[PDB]
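The structure appears right after this line, and notes come after that.
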Amino acid sequence: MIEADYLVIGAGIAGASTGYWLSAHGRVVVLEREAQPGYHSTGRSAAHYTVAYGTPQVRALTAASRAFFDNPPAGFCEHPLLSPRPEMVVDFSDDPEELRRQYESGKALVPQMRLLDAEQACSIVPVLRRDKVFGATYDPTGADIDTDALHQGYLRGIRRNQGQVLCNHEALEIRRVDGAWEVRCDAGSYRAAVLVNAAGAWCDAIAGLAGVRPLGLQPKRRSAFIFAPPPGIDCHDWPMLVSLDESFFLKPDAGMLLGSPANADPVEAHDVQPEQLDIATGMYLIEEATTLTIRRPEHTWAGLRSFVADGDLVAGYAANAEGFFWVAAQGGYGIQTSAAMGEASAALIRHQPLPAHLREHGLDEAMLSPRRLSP
Ligand SMILES: Cc1cc2c(cc1C)N(C(=O)/C=C/CNC(=N)N)c1c([nH]c(=O)[nH]c1=O)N2C[C@H](O)[C@H](O)[C@H](O)COP(=O)(O)OP(=O)(O)OC[C@H]1O[C@@H](n2cnc3c(N)ncnc32)[C@H](O)[C@@H]1O
């Protein structure tokens, strides 16, 4: 039996970021089912940072994370966590009212957002089919995230603060015993006053083991693939390209191109595989919008983006289940919100107010709380 101050289930970006901030204040033990910590959604993302994306709460958490990403503590990482990658959202269907709505809402949050005409969009990504382009928004502040450096920075930080990150430690039974949570794994048992449920698509499964009413979390499959660009064109500086209805996205990645149909097909929590239909649809949509020819993709995969009803993230104690803390519903935003989520969740776990720099971005405890959800 191992005793901790904070017992975290899940070592993805959610558990790693929360554990990182908690580890300055007490003993953190993170239990991870897989042999490695980033095998599920945290290892499967498009690795992009976009402020004007998601609900208002998501946008606030994303904006509030930028300070840490651009200036992490000494020793956190060897190289920058972000690299410049503007986002261009292109209207391919002739919907000027929607284009203007997105421009105005994005510009209110990102003053440098621009409205482009068709020629300006085609200048930036020359493979766009000019006949299909009706304008675009352009966000000069988008960035690519070095997700492995970020994730490993969080995990190493836990260990440097005398915490533990224990892989091959699936939580199998969870019980509140004598004022603390006790978790049984095949490889040992663990006890702590606080159980941090950071289990990704499995958060409601963890609540089920504990007898705690679940959130209603819905995992949703998104597939993606990498393909070769034509050898005679330099796409390495292209922005992240998205269609106005998020029917697809396309971004450069290590001399290749990363594409996706940006799907959200509801599925159960599992080790999700790409569906051939997902890949075919993404290929079709990119070829409809651009002059690219996509041969058989070099690599395809899928991951889970998990949401509650309102599309917002969840960080808070469960009502009437003392010490059970949700860090859940990261949706399509878990990487880009992770610094603010980790800092906010650690403060709330410790029953402290949210730090000033988070409240100034317009975050409060209530809009993170799970109590907002079910009747
Ligand atoms: C698939 C995917 C996902 C994303 C994306 C793409 C694709 C293709 N991107 C986008 O399309 C962006 C579109 C932009 N579009 C417009 N601009 N217009 C994206 C992104 N996000 C982000 O910011 N930027 C991105 O660019 N996403 C989302 C992030 O992928 C996601 O939100 C976080 O990764 C979630 O992280 P979590 O930490 O919640 O989840 P987890 O990594 O699965 O970890 C849980 C751990 O619990 C363990 N576990 C379970 N049960 C137990 C147990 N019993 N015992 C012990 N351990 C247990 C489990 O084994 C696992 O290890």
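By convention here, the chains of the structure tokens are called A, B, ... in the order presented, each chain's residues are numbered starting at 1, and ligands are numbered starting at 1 in the order presented.
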(request) Name the residues of segment 33-174 of chain A that fall into alpha helix (DSSP H) according to DSSP on the backbone, using the chain letters and numbers of this document, as a ChimeraX atom specification. (result) /A:56-70,96-109,118-124,147-160
Could those residues be written to a file, using C-alpha atoms, as a PDB file, in the first residue's frame?
```
ATOM      1  CA  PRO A  56     -16.077  30.607 -24.949  1.00  0.00           C
ATOM      2  CA  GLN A  57     -14.726  28.649 -21.958  1.00  0.00           C
ATOM      3  CA  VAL A  58     -12.357  26.716 -24.229  1.00  0.00           C
ATOM      4  CA  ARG A  59     -11.132  29.917 -25.850  1.00  0.00           C
ATOM      5  CA  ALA A  60     -10.432  31.407 -22.402  1.00  0.00           C
ATOM      6  CA  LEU A  61      -8.488  28.330 -21.240  1.00  0.00           C
ATOM      7  CA  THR A  62      -6.525  28.336 -24.497  1.00  0.00           C
ATOM      8  CA  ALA A  63      -5.681  32.035 -24.323  1.00  0.00           C
ATOM      9  CA  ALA A  64      -4.672  31.668 -20.670  1.00  0.00           C
ATOM     10  CA  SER A  65      -2.292  28.767 -21.480  1.00  0.00           C
ATOM     11  CA  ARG A  66      -0.151  30.803 -23.897  1.00  0.00           C
ATOM     12  CA  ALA A  67       1.973  32.438 -21.192  1.00  0.00           C
ATOM     13  CA  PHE A  68       3.252  29.103 -19.888  1.00  0.00           C
ATOM     14  CA  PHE A  69       3.775  27.690 -23.387  1.00  0.00           C
ATOM     15  CA  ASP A  70       5.856  30.709 -24.422  1.00  0.00           C
ATOM     16  CA  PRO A  96     -20.312  35.284 -46.728  1.00  0.00           C
ATOM     17  CA  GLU A  97     -22.596  35.751 -43.714  1.00  0.00           C
ATOM     18  CA  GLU A  98     -20.934  32.832 -41.918  1.00  0.00           C
ATOM     19  CA  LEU A  99     -17.481  34.020 -42.952  1.00  0.00           C
ATOM     20  CA  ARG A 100     -18.202  37.454 -41.499  1.00  0.00           C
ATOM     21  CA  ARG A 101     -19.645  35.996 -38.282  1.00  0.00           C
ATOM     22  CA  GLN A 102     -16.472  33.962 -37.753  1.00  0.00           C
ATOM     23  CA  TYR A 103     -14.261  36.940 -38.589  1.00  0.00           C
ATOM     24  CA  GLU A 104     -16.050  39.205 -36.104  1.00  0.00           C
ATOM     25  CA  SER A 105     -16.124  36.670 -33.279  1.00  0.00           C
ATOM     26  CA  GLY A 106     -12.476  35.724 -33.806  1.00  0.00           C
ATOM     27  CA  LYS A 107     -11.284  39.331 -34.082  1.00  0.00           C
ATOM     28  CA  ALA A 108     -12.967  40.215 -30.772  1.00  0.00           C
ATOM     29  CA  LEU A 109     -10.611  37.695 -29.149  1.00  0.00           C
ATOM     30  CA  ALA A 118     -10.002  34.830 -52.530  1.00  0.00           C
ATOM     31  CA  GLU A 119      -6.774  36.030 -54.178  1.00  0.00           C
ATOM     32  CA  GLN A 120      -5.109  36.598 -50.801  1.00  0.00           C
ATOM     33  CA  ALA A 121      -6.054  33.102 -49.634  1.00  0.00           C
ATOM     34  CA  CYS A 122      -4.745  31.529 -52.842  1.00  0.00           C
ATOM     35  CA  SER A 123      -1.477  33.463 -52.535  1.00  0.00           C
ATOM     36  CA  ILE A 124      -0.895  31.887 -49.120  1.00  0.00           C
ATOM     37  CA  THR A 147       3.276  17.844 -27.792  1.00  0.00           C
ATOM     38  CA  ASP A 148       5.931  15.327 -26.791  1.00  0.00           C
ATOM     39  CA  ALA A 149       8.164  18.018 -25.266  1.00  0.00           C
ATOM     40  CA  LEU A 150       5.183  19.491 -23.427  1.00  0.00           C
ATOM     41  CA  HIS A 151       3.862  16.148 -22.168  1.00  0.00           C
ATOM     42  CA  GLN A 152       7.315  14.933 -21.130  1.00  0.00           C
ATOM     43  CA  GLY A 153       8.012  18.265 -19.444  1.00  0.00           C
ATOM     44  CA  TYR A 154       4.952  17.773 -17.253  1.00  0.00           C
ATOM     45  CA  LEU A 155       5.826  14.142 -16.459  1.00  0.00           C
ATOM     46  CA  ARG A 156       9.494  14.845 -15.735  1.00  0.00           C
ATOM     47  CA  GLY A 157       8.425  17.734 -13.529  1.00  0.00           C
ATOM     48  CA  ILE A 158       6.291  15.400 -11.411  1.00  0.00           C
ATOM     49  CA  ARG A 159       9.240  13.040 -10.970  1.00  0.00           C
ATOM     50  CA  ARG A 160      11.645  15.876 -10.140  1.00  0.00           C
TER      51      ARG A 160
END
```
(request) Kindly provide, as a PyMOL selection string, all nucleotide and amino acid residues lying within 7 Å of ligand 1, counting only C-alpha atoms and all ligand atoms. (result) chain A and resi 9-15+31-34+37-50+53+87+169-172+198-202+206+221-224+242+246+249+262+302-305+328-337
Show me, as CSV, the residues of segment 235-340 of chain A having an atom within 7 Å of segment 350-370 of chain A, each with the closest atom pair and its distance in Å, using only C-alpha atoms.
```
residue,atom,partner,partner_atom,distance
A:313,CA,A:368,CA,6.4
A:314,CA,A:368,CA,4.9
A:315,CA,A:368,CA,5.1
A:316,CA,A:369,CA,4.8
A:318,CA,A:370,CA,6.6
```
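With only C-alpha atoms as the atoms that count, the minimum distance from residue 323 of chain A to the choices A:163, A:179, A:311, A:19 is reached by A:179.
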(request) Choose the residue, out of A:324, A:114, A:52, A:72, that has the smallest atom-to-atom separation from residue 175 of chain A; count only C-alpha atoms. (result) A:324
(request) Select from segment 214-372 of chain A everything DSSP, run on the backbone, classes as strand (DSSP E), then give the selection as a ChimeraX atom specification. (result) /A:218-227,240-243,249-253,256-260,265-266,299-307,314-317,324-328
(request) Counting only C-alpha atoms, figure out which residue out of A:287, A:146, A:178, A:234 gets nearest to residue 250 of chain A. (result) A:287
(request) Please indicate the distance in Å from atom CA of residue 187 of chain A to atom CA of residue 219 of chain A, rounded to one decimal place. (result) 27.9 Å
(request) Can you pull out every residue within 8 Å of residue 239 of chain A, counting only C-alpha atoms, but drop anything in the same chain fewer than 4 positions away, and send it as an MDAnalysis selection string? (result) chainID A and resid 85:88 124:125 251:252
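Remark: for residue 217 of chain A, the closest of the candidate residues A:245, A:312, A:275, A:253 is A:312 (distances computed over only C-alpha atoms).
Interatomic distance, atom CA of residue 348 of chain A to atom CA of residue 181 of chain A: 17.8 Å.
If you look at atom CA of residue 182 of chain A and atom CA of residue 27 of chain A, they are 15.3 Å away from each other.
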(message) Which residues are near residue 319 of chain A? Cut-off 12 Å, only C-alpha atoms, ignore same chain within fewer than 6 positions. Put them as a ChimeraX atom specification.
(response) /A:212-215,325-326,369-374
(request) Find the residues near residue 220 of chain A: any atom within 6 Å, counting only C-alpha atoms, skip ones fewer than 2 places away on the same chain, and give them as a count of residues only. (result) 7
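Minimum distance to residue 28 of chain A across A:268, A:51, A:168, A:346 (counting only C-alpha atoms) occurs at A:346.
Residue nearest residue 227 of chain A, chosen from A:190, A:271, A:210, A:293 and counting only C-alpha atoms: A:293.
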